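# Observations on the three-dimensional arrangement
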Amino acid sequence: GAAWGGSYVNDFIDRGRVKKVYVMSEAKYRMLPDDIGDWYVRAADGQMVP
Amino acid sequence: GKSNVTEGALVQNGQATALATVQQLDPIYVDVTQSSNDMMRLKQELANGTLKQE
C-alpha cells in the first residue's frame with residue numbers, strides 16, 4: 001500500500017511552507033502485473049521475499 | 001582483505017572466527033534468487049512447450 005499506492009507520510013518544510021511527503025514506487029516498477037514480483041518484503045529474520 | 005585477528009590475539013585449533021578472509025575474484029559467482037513459482041512456471045513452459053533453450 002505504499003509502493004503501488006503512494007502513501008502520505010508526514011510533512012516537510014519547503015521555503016517556509018508545509019508540504020506533504022509521499023513515498024511511492026517509481027513509475028517503471030509499478031506499471032505492469034509483472035512488477036508485482038519486483039517488490040521485496042522482509043521476513044521474520046531479514047531475508048528478502050519477493 | 002582485513003585482518004580480523006590482530007598481531008597477538010590468541011587463536012585456537014580451528015576457532016569460530018576467521019583470521020583474514022582471502023578471496024578470489026577473477027571469476028565471480030552471482031547467486032541469483034529466482035522466485036519459486038517462476039522457476040516452476042518456466043519449466044512448465046519448457047513442457048507445454050516449447051519454450052526453447054539456446
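Rules used throughout
Residues numbered from 1 in each chain as written, not as in the entry; some residues may be left out. Chains lettered and ligands numbered in written order. Part of a larger assembly, values for the part shown. Heavy atoms only, no water. Helix = DSSP H or I, 4+ residues; strand = E, 2+ residues; numbered from the N terminus. Rg over C-alpha atoms; globule rule 2.2 N^0.38 Å. Buried < 20%, exposed > 50% of the residue type's maximum accessible area, 1.4 Å probe, protein only. Contact = heavy atoms within 4.5 Å. Areas by Shrake-Rupley, 256 points an atom, 1.4 Å probe, with all protein chains shown as cover. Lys, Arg positive; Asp, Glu negative; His and termini not counted. Charge placed at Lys NZ, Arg CZ, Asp CG, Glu CD. Polar contact = N/O pair within 3.5 Å; in protein donor to acceptor, adjacent residues only side chain to side chain.

By the method listed in its record, cryo-EM, this PDB entry was determined to a resolution of 6.5 Å.

As annotated in the PDB entry, chain B carries the name Multidrug efflux pump subunit AcrA and is attributed to Escherichia coli. Each PDB entry has a title, and for this one the record gives "multi-drug efflux; membrane transport; RND superfamily; Drug resistance".

Per the PDB entry, chain A goes by Multidrug efflux pump subunit AcrB and derives from Escherichia coli.

Here we come to the overall build of chain A. Secondary structure assignment for chain A yields 0 helices and 4 strands. Overall, chain A shows an N-to-C arrangement of helices and strands of β-β-β-β. Over its C-alpha atoms chain A spans a radius of gyration of 15 Å, topping by over 25% the 10 Å that the globule rule assigns to 50 residues. The buried share of chain A, reckoned over its 50 residues, is 6%. Contacts in chain A between residues far apart in sequence, at least 24 positions, make up 17% of those at least 6 positions apart. Just so you have it, chain A exposes about 4,300 Å², and 55% of that area is on carbon and sulfur atoms. Of the side chains in chain A, 7 bear a positive and 7 a negative charge, and the two mean positions are spaced by 13 Å.

Counting secondary structure elements, chain B contains 1 helix and 0 strands. Here chain B has a C-alpha radius of gyration of 22 Å; the compact-globule value for 54 residues is 10 Å, and the former is much larger. Of all 54 residues assigned to chain B, the portion counted as buried reaches 2%. Taking the average place of the 4 positive charges on the side chains of chain B and the average place of its 6 negative ones, the gap between the two points comes to 9 Å.

Let us now look at the environment of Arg41 of chain B. All names here are of chain B. Locating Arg41 in the fold gives a position in helix 1 (residues 36-48). Note on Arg41: relative accessible area 47%, which makes it partly exposed. A distance of 3.0 Å separates a polar atom in the side chain of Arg41 from a polar atom in the side chain of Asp38.

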